[PDB]
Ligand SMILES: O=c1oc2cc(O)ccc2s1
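Below you will find one chain, with nothing else, as structure tokens; this is the form solved without the ligand, and questions on how it binds or moves follow later.
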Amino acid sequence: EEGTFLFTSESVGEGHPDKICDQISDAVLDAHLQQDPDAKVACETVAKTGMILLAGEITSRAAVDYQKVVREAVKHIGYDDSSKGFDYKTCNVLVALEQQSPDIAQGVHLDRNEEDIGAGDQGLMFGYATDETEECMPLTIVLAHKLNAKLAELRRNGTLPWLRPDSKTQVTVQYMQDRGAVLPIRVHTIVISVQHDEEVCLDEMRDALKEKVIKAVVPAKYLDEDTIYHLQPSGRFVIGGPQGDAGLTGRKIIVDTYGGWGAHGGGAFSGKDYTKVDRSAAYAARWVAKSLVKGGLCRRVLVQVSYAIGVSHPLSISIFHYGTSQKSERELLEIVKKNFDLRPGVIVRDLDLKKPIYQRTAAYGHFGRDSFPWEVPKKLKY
């Protein structure tokens, strides 16, 4: 039908090996921040059969038990037995952590007033908001996340005890073009792949994924007789987690953000303290975009910012409103400049980014949930 298009987003579960690495990286960041709010943390995690490796740079006054922090994160995810392919009790935890490069430290934060700390790196970051949901997120990515959360819920409450922690979901929505905004019409296609035990048959799993997962998450008004279902499309997913697929921190950056909507500057979030603008500026850009939509200045908006290592102020700010504002992009840019200070040493104060809440961000997306500070819109003066 004219003026309609498809858009697909994916999400992954807590036991997806890339997401394990994000959660462990952020468990390590939180452990540091609990003791040293000014910890400099750049913690990469690598997961493969029987192995968590931490690699990166931490300068911190904290005394952190990496064995305890890593194993507790893997326990939470649900990898607690060799039968599941991974066990927090018996896996290898390897550590290749060194202090932050003194050359970076001197260029970024040494002898700097906190408000005037340099960006911890160069880079570009985007924030996006869309009025298509109350939480100002694309429906595709919201539904994809909720399908993984539902799998974890039914695993944890024992109603589908054949479930394992590693899962992926994908949602295709047919959208109507509406004066620069997008109106969801229907769910065109759903994919669910989830790791499972060696007892449950494929028909039992496919029936349960439709009746107990999809129907429990996706409103019936979006599902019809044409909706395509790819449930356990590989046919067998017993081998999973790190054993099935090597995981790395920062390899789910589109799952972490807008499910392909908006834009992405390439930076990973997990394992990084606020001085790493890959995270703090992306959080602030989401906060700006959500403030513009919730302030009624536009229905859909994209914010780009960029930084140079050692420089506080963003090098560039850009606003793209998809034609969904009576105000020009120039007028929105002036409103953003009058209302926001996107220096990392000010963002840290506004969004409370020394607080050890980061592990809670590292699954089901960083945006659109739990009224994190970047999800509470700023009242705009103009």
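Numbering starts at 1 and follows the sequence shown.
Omitted here: the form deposited with the ligand bound. The next part is about that form.
- Site check by superimposition: the ligand, modelled from its position in the deposited complex, clears the backbone and C-beta atoms of this form, with no atom inside 2.4 Å, and the site reads as open.
- Among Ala149, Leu97, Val218, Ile117, the residue placing a heavy atom within 4.5 Å of the ligand in the deposited complex is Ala149.
- Interface residue among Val288, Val187, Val142, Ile77, judged by heavy atoms within 4.5 Å of the ligand in the deposited complex: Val142.
- For the marked spot (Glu135, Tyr364 and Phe367), a heavy atom within 4.5 Å of the ligand in the deposited complex is present in each of the three residues.
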